[PDB]
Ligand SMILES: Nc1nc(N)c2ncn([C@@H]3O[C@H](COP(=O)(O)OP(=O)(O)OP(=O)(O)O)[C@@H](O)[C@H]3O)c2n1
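Next up: just one chain, as structure tokens, the form deposited without the ligand.
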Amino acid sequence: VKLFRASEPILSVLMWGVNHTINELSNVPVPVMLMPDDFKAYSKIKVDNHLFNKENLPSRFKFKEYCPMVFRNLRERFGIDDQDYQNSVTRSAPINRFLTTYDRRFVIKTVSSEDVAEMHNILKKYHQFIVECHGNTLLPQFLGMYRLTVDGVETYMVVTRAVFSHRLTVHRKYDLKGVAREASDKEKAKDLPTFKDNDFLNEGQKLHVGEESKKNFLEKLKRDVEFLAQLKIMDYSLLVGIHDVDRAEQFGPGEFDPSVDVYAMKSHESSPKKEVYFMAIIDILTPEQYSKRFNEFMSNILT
């Protein structure tokens, strides 16, 4: 019995809409292939409830879903079950726009009109890419794209699989791009410090994962950025989280489900401090240069 109780009507509508659309798709046969129109399709539903159901939801709102067939396919290829997705969004209000489902499994980012256009611009090539690499990638995993309309105001959203574990606490992150980029004094003091490539290399920090993972990671990181190039995109960073097992050891720690924390990596026997690294590409909605720059700076962290 979902109330869609949220700190904000936009959120409730989001819960309502994700619920509605996922349900609706369950009466829609999974097809043998996606079609060209699927990339131009959408669903729109306008609600107008006079004097009814007003406790959590607005009375009047719109909810549009972009390319529901493509994104539903994307979910499967990413090994995400629609009813899990749905339950993550609808069972409890997402939290802190940049949100996560209450179970830290999915991220919900507000985006712009042009973001949504760029998404449409690259979606067929990105689907084709997901297919070809069998969903094995460091790229953002796009699960859904929506436009909510509440009080006349349109709001765009994009849902990705979270980068950081939904369980194992991160203790240090690093937004990396491969100029001058450090952490500002106005940020350097906070529960979660978001670093950058300068404060990293100068910090003599490395990620010890074994040559066996360097092989998977790089062999992926290469085809991924090569793909972003051919799409003539740039400014994408490499989000990197560290989880020192001890700091939290203070059921087991360092324990995680690779099928859920898809971005996680164990350190190697032949390594110093014992930790879990979370690594993926972020911010891809916007040269062969940026690519090879990126690739190089990131190869150097993997020993």
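One-based numbering along the sequence shown.
Student: Count up the deposited residues without coordinates from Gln250 to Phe251 and drop the result into none, 1 to 3, 4 to 9, or 10 or more.
Tutor: Per the record, 10 or more deposited residues are absent between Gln250 and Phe251.
Student: Do any residues of the deposited sequence lie unmodelled between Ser184 and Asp185, and which range holds their number: none, 1 to 3, 4 to 9, or 10 or more?
Tutor: The entry has no gap there; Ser184 and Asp185 are joined directly.
Student: Can you tell me whether 63-71 has a higher mean C-alpha B factor than 260-268 in this record, or the other way round?
Tutor: In the deposited entry, the stretch with the higher C-alpha B-factor mean is 260-268.
Student: Between 153-161 and 219-227, point out the one with the higher average CA B-factor as the PDB entry records it.
Tutor: The recorded data point to 219-227.
Student: Based on what the PDB entry reports, which of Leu123, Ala93, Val179, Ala117 has the top C-alpha B-factor?
Tutor: Highest CA B-factor of the listed options: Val179.
Student: Could you check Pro140, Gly204, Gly144, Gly135 and tell me which one carries the biggest Cα B-factor in the deposited entry?
Tutor: So the option with the highest C-alpha B-factor is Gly204.
Student: Name the third of the chain's ranked CA B-factors that contains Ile130, choosing lowest, middle or highest.
Tutor: Its C-alpha B-factor belongs to the middle third of this chain's values.
Student: Grab the CA temperature factor for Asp38 from the record and place it in the lowest, middle or highest third of its chain.
Tutor: Its C-alpha B-factor, which the entry lists for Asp38, ranks in the lowest third among residues of this chain.
Student: Which third, lowest, middle or highest, does the CA B-factor of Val47 fall in along this chain?
Tutor: Tercile = lowest for this residue's CA B-factor.
Student: Split the chain's modelled residues into thirds by Cα B-factor; is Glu211 in the lowest, middle or highest one?
Tutor: Answer is highest: the recorded C-alpha B-factor places it there.
Student: What third of its chain's C-alpha B-factors does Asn87 belong to: lowest, middle or highest?
Tutor: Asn87: CA B-factor falls in the lowest third of its chain.
Missing here is the form solved in complex with the ligand; even so, the following discussion is about that form.
Student: Going by heavy atom distances of 4.5 angstroms or less, which of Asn136, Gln128, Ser113, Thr169 would be at the interface with the ligand in the deposited bound form?
Tutor: Selected option: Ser113.
Student: Which pick from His120, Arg91, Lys206, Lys215 sits with a heavy atom within 4.5 Å of the ligand in the deposited bound form?
Tutor: Looking at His120, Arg91, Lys206, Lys215 one by one, just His120 meets the 4.5 Å heavy-atom criterion.
Student: Would you classify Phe200 as touching the ligand in the deposited bound form, given a 4.5 Å non-hydrogen atom cut-off?
Tutor: Output for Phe200 is no: heavy atoms all beyond 4.5 Å of the ligand.
Student: Within a 4.5 Å heavy atom cut-off, is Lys220 in contact with the ligand in the deposited bound form?
Tutor: Taking the distances in the deposited bound form, the answer for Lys220 is no, it never comes within 4.5 Å of the ligand.
Student: At the 4.5 Å heavy atom threshold, is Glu154 in contact with the ligand in the deposited bound form?
Tutor: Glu154: contacts the ligand in the deposited bound form.
Student: With heavy atoms only and a cut-off of 4.5 Å, decide whether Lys266 touches the ligand in the deposited bound form.
Tutor: Taking the distances in the deposited bound form, the answer for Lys266 is no, it never comes within 4.5 Å of the ligand.
Student: Want to guess which of 267-275, 253-261, 58-66, 26-34 is within 4.5 Å of the ligand in the deposited bound form, heavy atoms only?
Tutor: Selected stretch: 58-66.
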